[PDB]
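Starting off, we have a lone chain in the form deposited in one PDB entry, written out as structure tokens.
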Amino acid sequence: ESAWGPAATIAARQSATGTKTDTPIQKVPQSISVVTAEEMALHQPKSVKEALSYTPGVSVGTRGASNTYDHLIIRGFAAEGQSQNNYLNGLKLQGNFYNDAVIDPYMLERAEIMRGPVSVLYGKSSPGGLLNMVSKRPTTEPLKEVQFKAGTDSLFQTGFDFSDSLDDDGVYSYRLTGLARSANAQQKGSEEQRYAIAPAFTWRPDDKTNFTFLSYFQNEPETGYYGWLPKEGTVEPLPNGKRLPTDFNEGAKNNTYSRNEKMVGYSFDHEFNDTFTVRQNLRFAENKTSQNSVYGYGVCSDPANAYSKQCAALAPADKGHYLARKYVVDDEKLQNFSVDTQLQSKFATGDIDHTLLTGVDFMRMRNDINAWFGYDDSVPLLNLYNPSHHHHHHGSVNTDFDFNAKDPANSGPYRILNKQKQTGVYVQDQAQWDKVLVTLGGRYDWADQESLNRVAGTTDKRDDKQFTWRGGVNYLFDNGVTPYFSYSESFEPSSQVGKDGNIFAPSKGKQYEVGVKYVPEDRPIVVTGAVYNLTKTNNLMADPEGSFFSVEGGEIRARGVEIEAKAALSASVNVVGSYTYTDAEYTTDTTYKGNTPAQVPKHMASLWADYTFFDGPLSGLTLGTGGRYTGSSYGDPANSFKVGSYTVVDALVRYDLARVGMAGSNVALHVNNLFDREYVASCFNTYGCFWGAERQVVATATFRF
């Protein structure tokens, strides 16, 4: 009795990213979360990140106020190189270096996060997880939507969502979703701008055939802040006892950051008969990114600035309140092609129904990089003292910076052309022997890479041949409860080159998981719980005898517990929440050991509830609020310090405008970080910290014609 209510809960019972076949969640031997469009329409997340805020095992706020990338640390791990591990329609948006693409949630139908290894279905993947977003597709019913937004920091957004049929039978239908957005970043001097249009076309010749054309085009002149701040002035006080304000910007006044995304593809499915169904997913993208960025590199008293001349030239007591800075000029262009073709075979074997999945997955990525990086003494220092109480009154931008006149003395060129290719064949079978579901499959991958260093004129190459498999069982009851357990593997090639001049071997993921899923078919509620043991082997570590080169053989373990709960407690009260316990540890490592990797808290939790009024004069009025708890975490591999825990509160007030005639329409007021709490999201190192997001206020008016 309100879109995001039970209608959403039940819709989220079905998924496919976990088995590549339309399977209900209780029948999936792995942890998986689903966030629906209605849910996002209610919460109004800035990015896909926040859209998953009430899901377990994911730090979505790591980078704080920045919104340049949808980077997620899942189950304590991230992809090789901190690259996103994000999918769109079952196909990976393979990026490289600063070239990673994002999809605005307004263009999504839903998001799904899969925890733990999943190479068994998608190939090389970081252990810990994978995010899969689904594009909005043309609707059966007509849709004419216009949305207007006005908020803090000068947030102004205008968009539309129109979908309709061309024939009265619906063999031909389309959808066009677009948005225009602009605002000022939390940091002074930084802006954000976004232009996005998503043309979609569906073709249903009959009811056993579906060809949907999916395209997305996005232009971002300015992506906003993406800087680094010292733990000194953020997590810790400056020598003067004060701190840098949350809106502090240490980059140049002329720092610039842009991204361009263009993609065309399609989703296809055809049911031949009662036993055979074929579905193919294909996409091609050409994405670009450029930037001129002056970034922070810790205070002068930071070990990382020992060799800094401008830093040594200071009084020993001053080293700790002056900021070392560097810079980068980047320009990249990449093309990414993907096709996944799968044949699904349904058939029984004497009381044993089988769903046999067999398919071939292919992708090739090419990224050409032309950048320049400033080293020590490449850019002026900054006294962090001026940023006093007065600036907690206003902000104060910095000065320009010549991004040209690349001084060969303090800066240098970086020109790389990376290539990636991966062909994989996989087989999976979902066998149900009444109340017993056994998932088991495997995949073999051909992941070859090749890197050309235009500046050094050298070429590094490697072809990995890998195998991964997964097996699990879901004892499906009838009262609801659904116990399960499973084993899964993942592999991920390295791109780093050792002292021998070769590309390291791939790292591997191994996970053992057990838990029960309560998915009652008679009540709009879902509850999941799970405990797991995830291990990443062949992690690159420091050379036992300092050599600038890494060594493999390292190992890291993450064991934990995740509980997620979504339910409609009444006709006007909906609640969603989770709790996560993560015990991440360096098992084998030269410099570390027993240490927990940075940015991953031991405890995380969130809870959300909303109330809708179908009574008196407050009919159609929705009130909602939630809390997100982020435990304390370490701010560097050495665990030399720690970032504090925090709890952010969000709230909204929605009024079903469908009481002034305008039905389907509504007005809403969203406030994030209600108590305007000041916190440090996290730090990846002593010189890389991020202020959290300061209280935001947004007014949204979405009209349905």
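We call the rigid core whatever largest set of C-alpha positions still superposes within 1.5 Å between the two forms. One-based numbering along the sequence shown.
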Comparing 209-217 with 425-433, the one whose average Cα B-factor in the PDB entry is higher: 425-433
Given the B-factors recorded for C-alpha atoms, which segment has the greater mean, 86-94 or 378-386? 378-386
Have a look at 336, 99, 256, 404 and flag the one whose Cα has the highest B-factor in the entry. 404
So among 197, 576, 131, 264, who wins on Cα B-factor in the entry? 576
Ranked by Cα temperature factor within the chain, is residue 9 in the lowest third, the middle third or the highest third? highest
Can you tell me whether residue 144 has a C-alpha B-factor in the lowest, middle or highest third compared with the other modelled residues of the same chain? middle
What third of the chain does residue 676 rank in for C-alpha temperature factor, lowest, middle or highest? middle
Lowest, middle or highest third of the chain for the C-alpha temperature factor of residue 326? middle
When the modelled residues of the chain are sorted by Cα temperature factor, does residue 56 land in the lowest, middle or highest third? middle
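Form deposited in another entry: not shown, discussed below.
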Using a rigid core alignment, state whether the CA of residue 9 is displaced by 2 Å or more between this form and the one not shown. yes
Against the displayed form, residue 10 vs residue 274 by Cα, in the other entry, with 3 angstroms or more change: pair is farther
Pin down for me whether the residue 10-residue 612 Cα distance shrinks or grows in the other entry relative to this form (closer or farther, change of 3 Å or more). closer
